[PDB]
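The structure appears right after this line, and notes come after that.
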Amino acid sequence: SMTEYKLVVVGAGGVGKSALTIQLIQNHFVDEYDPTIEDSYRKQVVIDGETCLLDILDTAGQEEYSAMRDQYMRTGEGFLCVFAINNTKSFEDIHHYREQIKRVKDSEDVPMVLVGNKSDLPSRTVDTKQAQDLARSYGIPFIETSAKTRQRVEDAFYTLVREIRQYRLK
Ligand SMILES: O=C1c2cc(cnc2NCc2ccc(O)cc2)S(=O)(=O)NC2=[SH]c3c(Cl)ccc(O)c3N2CCCCCN1[C@H]1CC[C@]2(CCCN2)CC1
Ligand SMILES: Nc1nc2c(ncn2[C@@H]2O[C@H](COP(=O)(O)OP(=O)(O)O)[C@@H](O)[C@H]2O)c(=O)[nH]1
Ligand SMILES: [Mg+2]
């Protein structure tokens, strides 16, 4: 009695895609993780009484054109779109990742969660209000996380599972 969920973590270089994924799977914070390493991680968790197998792809994709990135966006069921709260450019980049995914899916309606990572850093440049407004405009949840302190790390991934589960009924 198990359900699979294929999750893809996307976002600009250095926002904490790897740190978030490794904190969820391995319960440690990576200080200086090779920016080019792209790996999948599988873990069983219980969410809302369901035993879930999470298959998570940690992407490191800054290529403009990539057959393999199109393939993982076709295969992925839900997308964690991560920016860093101290990097305005990473926040502006979200629009481009969302557009790429909608194009591959040929759908305006795709399970996504907006994640503002590095909430432990004091010098914020992205107002929580702007991030909430962007998420509202996309019709998706918004969560602020810290891969360093584990704040809302499970919540971000488990919220994305909940989004996928609900879309499966629509
Ligand atoms: O070759 C790709 C790999 C496989 C694929 C896509 N991108 C991959 N790497 C990222 C990449 C590679 C080349 C490139 O030019 C651009 C991006 S795939 O579509 O054929 N397989 C997918 S899509 C996917 C989603 Cl959407 C969610 C969860 C998944 O597990 C998943 N998978 C299967 C695993 C992908 C693992 C990333 N890899 C390798 C696989 C082999 C290895 C070495 C040993 C075990 N892990 C290194 C990582
Ligand atoms: N302070 C803080 N640093 C973080 C956080 N997440 C990641 N980092 C750091 O930011 C850098 C980039 O993280 P990484 O996970 O490699 O980013 P990726 O390129 O998106 O995979 C590393 O130096 C991490 O230690 C966070 O929540 N808080
Ligand atoms: Mg990385």
Side-chain angles (χ1 to χ4, degrees), residues 2-45 47 52-105 110-121 123-126 131 140-161 163-164:
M2 183 108 4
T3 300
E4 196 188 6
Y5 295 88
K6 294 173 174 80
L7 311 185
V8 180
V9 186
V10 303
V15 297
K17 298 181 296 295
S18 298
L20 280 166
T21 303
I22 291 164
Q23 206 34 292
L24 180 78
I25 304 285
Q26 303 180 2
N27 191 33
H28 65 102
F29 177 58
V30 288
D31 258 342
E32 284 185 343
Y33 201 69
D34 182 331
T36 76
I37 296 179
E38 301 180 89
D39 275 314
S40 67
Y41 296 84
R42 283 157 84 76
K43 184 199 203 186
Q44 176 186 287
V45 302
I47 306 169
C52 299
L53 174 56
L54 304 190
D55 190 353
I56 307 174
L57 183 63
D58 176 25
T59 75
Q62 299 288 252
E63 291 79 81
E64 297 79 26
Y65 290 90
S66 174
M68 287 314 313
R69 164 158 266 225
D70 292 347
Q71 185 55 48
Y72 73 56
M73 291 181 169
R74 277 194 293 272
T75 300
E77 295 178 295
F79 299 85
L80 209 66
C81 296
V82 186
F83 70 95
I85 64 153
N86 68 329
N87 194 290
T88 294
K89 196 202 174 168
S90 73
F91 181 63
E92 292 185 9
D93 287 345
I94 292 293
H95 176 86
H96 299 283
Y97 293 109
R98 180 166 164 91
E99 285 306 308
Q100 287 185 336
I101 296 160
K102 286 170 30 189
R103 175 162 37 75
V104 168
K105 291 297 191 192
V110 178
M112 307 190 357
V113 172
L114 185 64
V115 174
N117 189 47
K118 313 200 181 180
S119 67
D120 56 287
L121 294 183
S123 293
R124 176 181 288 277
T125 67
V126 184
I140 69 178
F142 172 55
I143 295 175
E144 285 195 4
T145 59
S146 171
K148 188 168 183 189
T149 67
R150 276 178 68 81
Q151 206 77 64
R152 302 203 70 193
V153 173
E154 295 179 341
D155 215 323
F157 285 92
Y158 295 6
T159 297
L160 182 57
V161 167
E163 291 296 300
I164 298 167

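Residues: numbered from 1 along the sequence shown. The analysis underlying the following values was restricted to heavy atoms, covering all of them including side chains, and did not include hydrogens, waters or symmetry mates.
Across all their heavy atoms, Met73 and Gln100 have their closest contact at CE-OE1, 3.5 Å. The two residues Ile22 and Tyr41 have their closest heavy-atom pair at CG1-OH, 3.8 Å. Of all heavy-atom pairs between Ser90 and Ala84, the closest is OG-N, 3.0 Å.
Only one option out of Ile143, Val161, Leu7 pairs with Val113 in a side-chain contact (heavy atoms from CB on, under 4.5 Å); it is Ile143. Of the candidates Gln151, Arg152, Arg124, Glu144 forms a side chain to side chain donor-acceptor pair (under 3.5 Å) with just one, namely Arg124.
Remark: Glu99 pairs with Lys102 by the salt bridge (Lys or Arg N to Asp or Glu O under 4.0 Å) rule, at least two apart or across chains. Residues satisfying the ring pair (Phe, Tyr, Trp, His ring centres under 6.0 Å) test with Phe91, not counting sequence neighbours, are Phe83. Every residue two or more places apart in sequence or in another chain that forms a side-chain hydrogen bond (donor to acceptor under 3.5 Å, both in side chains) with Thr3 is listed here: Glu50.
No salt bridge links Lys17 with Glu38; every basic N to acidic carboxylate O contact stays at or beyond 4.0 Å. Salt-bridge formation is detected for the pair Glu4/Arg42: a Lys NZ or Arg NE/NH1/NH2 atom is positioned less than 4.0 Å from an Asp or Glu carboxylate oxygen.
A heavy-atom distance below 4.5 Å is not found between the side chains of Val82 and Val10. Annotation: side chain of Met112 is not in contact with side chain of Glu163 (no heavy-atom distance under 4.5 Å).
For the residue pair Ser146/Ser119, the side-chain donor-acceptor check at 3.5 Å is not satisfied. Defined by atom type and a distance below 3.5 Å, a donor-acceptor pair is missing between the side-chain atoms of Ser123 and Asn86.
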